[PDB]
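In structure tokens, the next block holds one chain alone, the form deposited in one PDB entry.
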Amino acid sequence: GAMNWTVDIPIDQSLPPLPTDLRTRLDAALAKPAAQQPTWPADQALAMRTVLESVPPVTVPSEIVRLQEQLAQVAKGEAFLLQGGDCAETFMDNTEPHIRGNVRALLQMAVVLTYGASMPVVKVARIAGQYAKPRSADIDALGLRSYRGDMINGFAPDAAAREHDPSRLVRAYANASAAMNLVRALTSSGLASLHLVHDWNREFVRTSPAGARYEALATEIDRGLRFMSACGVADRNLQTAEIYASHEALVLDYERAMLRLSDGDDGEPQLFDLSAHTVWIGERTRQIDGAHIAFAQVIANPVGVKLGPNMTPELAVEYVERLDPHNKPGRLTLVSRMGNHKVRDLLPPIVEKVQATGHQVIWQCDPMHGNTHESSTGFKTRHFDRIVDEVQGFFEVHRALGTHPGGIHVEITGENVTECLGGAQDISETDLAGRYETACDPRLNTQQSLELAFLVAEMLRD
């Protein structure tokens, strides 16, 4: 109750049985070894899953089917995928201003990228569930059990806060569903009006230190927008946009509890993970025979897999063959995360081998993860130039092969933070201390994220 700053929730007082085959397949998948799982008691986990099994889902199957159709276009070279948001959402910052700000920042980039790509952009936020992270060490630099995101434990640097708390599963859901509600309301009610979003971009050009550099493209966009009105098709489709929800599928207690069975109205019933529209499997959890990859094989959602510098062409093909066994364009995204100094050399053989299979994956560039270093001032950071250069090298790789550079996956925020070095604002090592607010990796701030969109539109325009 209020006295204890808690909400009391019944468990008992129920659930339809899965078709026998899905039950068998789901059980087999979750029996496999699973890295990076929280270490809380099984009985407490079960009680929380029982609560999540009967909540209203964050997403619904027909939206995920629509998303799959739109990603199929990306895979075929007829659309571009933009995925972005916080490295780690926090319960504390899950507020209207912060959510609106991140949605705005993604929409601003999307305008620029839609124009530069000359094709639709599929817009996927890291939001409404990006509450869990993996760690390479279980003890961090202060001697505390590592923070693993708010679905698992607390960011505060004290031991009690770092204990793995299963009640955070139900907390992740409440925060996710509330954020998703707002994302839906904002995108349908005026925040995603193309004209309004573009006006924000014009303001950026007017006030940025390198605005002169981006002015010409910004004017071209503006004239492109006015052309639509001139031609008498400035219609309803300019007033709204679809922003999909994504996160890393990390905590299997959470993902399994958010599974729901489709109606079967279209095709036979399948399992959908309704905690999001699409999810990805990270570098530390992509064991080929592990539980995450197997869980991904059982769900109908579009999925991605992060591929780092030790990836081989052969293992990549094995991911394709296990995760896209029916050859459905768009079902699988392969994220490229090699570091800017390595992408030009490591990616081509992977791409060639995968293309030779006849499957159509989306090739997406994750510039930021492979380019993180430590500042002299003691902050985890990334240089803007390295981020840009990885996306550049990724484009060059695809141009040379004739394949489709399908999208990017970035960590950004609508906040004016000081987390990544460089950009037109020339964020320095000493600037970092001003507003270093991320609960995990360093994000592009709103200006740097928009600037990146401008630079990438130029790579698109070639």
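We call the rigid core the largest set of C-alpha positions that still match within 1.5 Å between the two forms. Numbering starts at 1 and runs along the sequence shown.
Where the other entries of this protein model the residues before and after it, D12 is dropped from at least a third of them. If you average the C-alpha B-factors over 376 to 384 and over 285 to 293, the higher value belongs to 376 to 384.
On average the C-alpha atoms of 138 to 146 have higher B-factors than those of the other stretch, with 68 to 76 and 138 to 146 being the two compared. For the set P41, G393, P57, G406, the maximum C-alpha B-factor listed in the entry falls on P41. Residue-level inspection of the entry shows that, of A356, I99, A172, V111, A356 has the top Cα B-factor. Placement of the Cα temperature factor of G423 within the chain: highest third of the modelled residues, per the deposited record. Among all modelled residues in its chain, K133 ranks in the highest third by Cα B-factor. The PDB entry assigns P61 a C-alpha temperature factor belonging to the lowest third of its chain's modelled residues. In the deposited entry, the Cα temperature factor of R184 places it in the lowest third of its chain's modelled residues. Ranked within its chain, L107 lands in the lowest third, by CA B factor from the PDB record.
There is also a form deposited in another entry; it is not shown, and the following applies to it.
Following superposition on the rigid core between the shown form and the other one, the residue from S167, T240, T312, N181 with a C-alpha displacement of 2 angstroms or more is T240, and no other. Inter-residue distance, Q239 to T219 (Cα): increased by at least 3 Å in that other deposited form versus the depicted form.
In that other deposited form, the Cα positions of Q364 and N237 lie at least 3 Å farther from each other than in the form displayed.
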